[PDB]
file input28.cif (mmCIF, C-alpha atoms and all ligand atoms)
data_my_file
#
loop_
_atom_site.label_atom_id
_atom_site.label_comp_id
_atom_site.auth_asym_id
_atom_site.auth_seq_id
_atom_site.Cartn_x
_atom_site.Cartn_y
_atom_site.Cartn_z
CA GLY A 1 168.81 -47.26 67.19
CA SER A 2 166.53 -45.38 69.56
CA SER A 3 166.65 -41.71 68.56
CA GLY A 4 167.13 -40.22 65.11
CA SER A 5 164.60 -41.78 62.75
CA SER A 6 164.66 -40.07 59.35
CA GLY A 7 166.02 -40.23 55.81
CA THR A 8 164.99 -40.33 52.16
CA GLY A 9 162.43 -42.89 51.04
CA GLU A 10 159.22 -44.68 52.00
CA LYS A 11 158.72 -47.68 54.29
CA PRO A 12 155.23 -49.14 53.71
CA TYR A 13 156.39 -52.17 55.68
CA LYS A 14 157.04 -50.59 59.08
CA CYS A 15 155.06 -47.73 60.63
CA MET A 16 156.90 -44.40 60.50
CA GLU A 17 154.51 -42.41 62.69
CA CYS A 18 156.01 -44.08 65.76
CA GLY A 19 158.35 -46.76 64.46
CA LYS A 20 157.29 -50.31 65.29
CA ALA A 21 157.90 -53.54 63.37
CA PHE A 22 155.04 -56.01 62.97
CA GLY A 23 154.81 -59.67 62.01
CA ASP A 24 151.61 -59.84 59.97
CA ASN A 25 149.96 -57.06 57.97
CA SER A 26 146.64 -57.86 59.65
CA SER A 27 148.04 -56.32 62.83
CA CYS A 28 149.98 -53.68 60.90
CA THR A 29 146.93 -52.18 59.18
CA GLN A 30 145.06 -52.22 62.49
CA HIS A 31 147.85 -50.33 64.25
CA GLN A 32 147.13 -47.31 62.05
CA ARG A 33 143.70 -47.25 63.69
CA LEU A 34 145.09 -46.10 67.04
CA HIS A 35 147.12 -43.49 65.16
CA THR A 36 144.00 -42.14 63.46
CA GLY A 37 142.92 -40.70 66.80
CA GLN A 38 144.14 -37.29 67.93
CA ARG A 39 147.13 -38.75 69.77
CA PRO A 40 148.03 -35.46 71.50
CA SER A 41 151.56 -35.18 72.90
CA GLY A 42 150.36 -34.25 76.37
CA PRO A 43 149.43 -31.37 78.70
CA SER A 44 151.88 -29.36 80.81
CA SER A 45 152.82 -30.38 84.35
CA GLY A 46 150.30 -29.39 87.00
ZN ZN B 101 152.77 -46.33 64.60
#

call {"tool": "encode", "arguments": {"input": "input28.cif", "output": "C-alpha cells"}}
result
Amino acid sequence: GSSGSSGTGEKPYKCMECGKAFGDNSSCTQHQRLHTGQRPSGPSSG
C-alpha cells in the first residue's frame, strides 16, 4: 500500500497527515511537531 490512503474513521495511533507508523508515543507526539510547520509542497521548476 503506497498510494490511496483514505476511508471512514479515525486513527489516533498512526499519523494520517503523511502516514508513518511509530513504535513509542513519545516519538509519535513529537512527529506532529515537524508537521506544525508550514510544510509547503514546493515551488515550480526553475
Ligand atoms: Zn506525519

call {"tool": "atom_distance", "arguments": {"input": "input28.cif", "atom1": "CA of residue 21 in chain A", "atom2": "CA of residue 7 in chain A"}}
result
17.3 Å

call {"tool": "atom_distance", "arguments": {"input": "input28.cif", "atom1": "CA of residue 34 in chain A", "atom2": "CA of residue 9 in chain A"}}
result
23.8 Å

call {"tool": "closest_atom_pairs", "arguments": {"input": "input28.cif", "of": "chain A", "to": "ligand ZN 101 (chain B)", "cutoff": "8 Å", "atoms": "all atoms listed in the file", "output": "Markdown table"}}
result
| residue | atom | partner | partner_atom | distance |
| --- | --- | --- | --- | --- |
| A:15 | CA | B:ZN101 | ZN | 4.8 |
| A:16 | CA | B:ZN101 | ZN | 6.1 |
| A:17 | CA | B:ZN101 | ZN | 4.7 |
| A:18 | CA | B:ZN101 | ZN | 4.1 |
| A:19 | CA | B:ZN101 | ZN | 5.6 |
| A:20 | CA | B:ZN101 | ZN | 6.1 |
| A:31 | CA | B:ZN101 | ZN | 6.4 |
| A:32 | CA | B:ZN101 | ZN | 6.3 |
| A:35 | CA | B:ZN101 | ZN | 6.3 |

call {"tool": "atom_distance", "arguments": {"input": "input28.cif", "atom1": "CA of residue 24 in chain A", "atom2": "CA of residue 12 in chain A"}}
result
12.9 Å

call {"tool": "build_atoms", "arguments": {"input": "input28.cif", "residues": "range 30-46 of chain A", "atoms": "N, CA, C and O atoms", "output": "PDB file, in the coordinates of the input"}}
result
ATOM      1  N   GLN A  30     145.832 -52.573  61.304  1.00  0.00           N
ATOM      2  CA  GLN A  30     145.060 -52.220  62.490  1.00  0.00           C
ATOM      3  C   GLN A  30     145.758 -51.132  63.293  1.00  0.00           C
ATOM      4  O   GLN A  30     145.133 -50.161  63.720  1.00  0.00           O
ATOM      5  N   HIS A  31     147.061 -51.301  63.498  1.00  0.00           N
ATOM      6  CA  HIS A  31     147.850 -50.330  64.250  1.00  0.00           C
ATOM      7  C   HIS A  31     147.476 -48.906  63.859  1.00  0.00           C
ATOM      8  O   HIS A  31     147.204 -48.067  64.717  1.00  0.00           O
ATOM      9  N   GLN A  32     147.468 -48.640  62.557  1.00  0.00           N
ATOM     10  CA  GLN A  32     147.130 -47.310  62.050  1.00  0.00           C
ATOM     11  C   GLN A  32     145.891 -46.764  62.747  1.00  0.00           C
ATOM     12  O   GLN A  32     145.801 -45.567  63.021  1.00  0.00           O
ATOM     13  N   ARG A  33     144.939 -47.645  63.031  1.00  0.00           N
ATOM     14  CA  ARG A  33     143.700 -47.250  63.690  1.00  0.00           C
ATOM     15  C   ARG A  33     143.993 -46.340  64.886  1.00  0.00           C
ATOM     16  O   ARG A  33     143.547 -45.193  64.929  1.00  0.00           O
ATOM     17  N   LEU A  34     144.742 -46.862  65.852  1.00  0.00           N
ATOM     18  CA  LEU A  34     145.090 -46.100  67.040  1.00  0.00           C
ATOM     19  C   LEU A  34     145.676 -44.741  66.671  1.00  0.00           C
ATOM     20  O   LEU A  34     145.388 -43.730  67.313  1.00  0.00           O
ATOM     21  N   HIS A  35     146.499 -44.723  65.626  1.00  0.00           N
ATOM     22  CA  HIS A  35     147.120 -43.490  65.160  1.00  0.00           C
ATOM     23  C   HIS A  35     146.069 -42.491  64.694  1.00  0.00           C
ATOM     24  O   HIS A  35     146.160 -41.295  64.976  1.00  0.00           O
ATOM     25  N   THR A  36     145.069 -42.989  63.972  1.00  0.00           N
ATOM     26  CA  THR A  36     144.000 -42.140  63.460  1.00  0.00           C
ATOM     27  C   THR A  36     143.560 -41.120  64.503  1.00  0.00           C
ATOM     28  O   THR A  36     143.424 -39.934  64.207  1.00  0.00           O
ATOM     29  N   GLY A  37     143.341 -41.590  65.729  1.00  0.00           N
ATOM     30  CA  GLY A  37     142.920 -40.700  66.800  1.00  0.00           C
ATOM     31  C   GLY A  37     143.805 -39.478  66.919  1.00  0.00           C
ATOM     32  O   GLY A  37     144.859 -39.403  66.288  1.00  0.00           O
ATOM     33  N   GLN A  38     143.376 -38.517  67.730  1.00  0.00           N
ATOM     34  CA  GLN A  38     144.140 -37.290  67.930  1.00  0.00           C
ATOM     35  C   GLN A  38     145.590 -37.600  68.276  1.00  0.00           C
ATOM     36  O   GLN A  38     146.511 -37.141  67.600  1.00  0.00           O
ATOM     37  N   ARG A  39     145.788 -38.383  69.331  1.00  0.00           N
ATOM     38  CA  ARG A  39     147.130 -38.750  69.770  1.00  0.00           C
ATOM     39  C   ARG A  39     147.939 -37.516  70.142  1.00  0.00           C
ATOM     40  O   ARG A  39     149.042 -37.292  69.643  1.00  0.00           O
ATOM     41  N   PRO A  40     147.381 -36.692  71.042  1.00  0.00           N
ATOM     42  CA  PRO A  40     148.030 -35.460  71.500  1.00  0.00           C
ATOM     43  C   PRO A  40     149.253 -35.749  72.375  1.00  0.00           C
ATOM     44  O   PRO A  40     149.220 -36.623  73.241  1.00  0.00           O
ATOM     45  N   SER A  41     150.329 -35.004  72.139  1.00  0.00           N
ATOM     46  CA  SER A  41     151.560 -35.180  72.900  1.00  0.00           C
ATOM     47  C   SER A  41     151.266 -35.299  74.392  1.00  0.00           C
ATOM     48  O   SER A  41     151.560 -36.317  75.015  1.00  0.00           O
ATOM     49  N   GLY A  42     150.681 -34.247  74.959  1.00  0.00           N
ATOM     50  CA  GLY A  42     150.360 -34.250  76.370  1.00  0.00           C
ATOM     51  C   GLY A  42     150.359 -32.861  76.975  1.00  0.00           C
ATOM     52  O   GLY A  42     151.078 -31.969  76.523  1.00  0.00           O
ATOM     53  N   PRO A  43     149.538 -32.660  78.015  1.00  0.00           N
ATOM     54  CA  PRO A  43     149.430 -31.370  78.700  1.00  0.00           C
ATOM     55  C   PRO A  43     150.684 -31.030  79.499  1.00  0.00           C
ATOM     56  O   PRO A  43     151.588 -31.855  79.633  1.00  0.00           O
ATOM     57  N   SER A  44     150.733 -29.810  80.026  1.00  0.00           N
ATOM     58  CA  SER A  44     151.880 -29.360  80.810  1.00  0.00           C
ATOM     59  C   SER A  44     151.716 -29.740  82.277  1.00  0.00           C
ATOM     60  O   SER A  44     150.602 -29.799  82.794  1.00  0.00           O
ATOM     61  N   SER A  45     152.838 -29.997  82.942  1.00  0.00           N
ATOM     62  CA  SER A  45     152.820 -30.380  84.350  1.00  0.00           C
ATOM     63  C   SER A  45     151.824 -29.525  85.129  1.00  0.00           C
ATOM     64  O   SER A  45     151.569 -28.372  84.783  1.00  0.00           O
ATOM     65  N   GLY A  46     151.260 -30.104  86.185  1.00  0.00           N
ATOM     66  CA  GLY A  46     150.300 -29.390  87.000  1.00  0.00           C
ATOM     67  C   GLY A  46     149.039 -30.194  87.256  1.00  0.00           C
ATOM     68  O   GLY A  46     149.103 -31.188  87.977  1.00  0.00           O
TER      69      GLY A  46
END
